[PDB]
Structure formats: structure tokens, C-alpha cells
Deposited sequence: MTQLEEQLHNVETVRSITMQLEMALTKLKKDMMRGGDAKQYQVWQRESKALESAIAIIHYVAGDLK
């Protein structure tokens, strides 16, 4: 159980930090909101969507 709890903790940490990154990018994009600002903001939304998706498999 201790070692399984360690593996679980390492997966949960990755999941938690990925959700934090999603929020940091959201603040970045929200705060910055002309095409180039707009285009970076869409790119950030897309990067956020991606890492959210990829991280879903972590459960």
C-alpha cells in the first residue's frame, strides 16, 4: 500500500500541476484581452484544450 500510494501521489501531482497550468494560461490569455493579441489568445485556448485532453487519460 505505501508504494502504491507513492505511485498514486506521483500521478496525482502531474494531474494537479496540469490543472494549475490550465488556470495560469487562462489568466494569461484573459489578462491580455489587435489580431496578434487575438491570435495568441486563441492559440492559448487551444493549448489549454490540448493539455486538458491529454491529461484526461491520467484519470
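Coordinate coverage of the deposited sequence breaks once, at 34 to 40, a segment carrying no C-alpha atoms.
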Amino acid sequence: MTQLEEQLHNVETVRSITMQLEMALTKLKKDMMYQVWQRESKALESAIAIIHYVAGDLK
From here on, numbers count along this sequence of modelled residues.
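The question of which stretch, 7 to 15 or 34 to 42, has the higher mean Cα B factor is settled in favour of 34 to 42.
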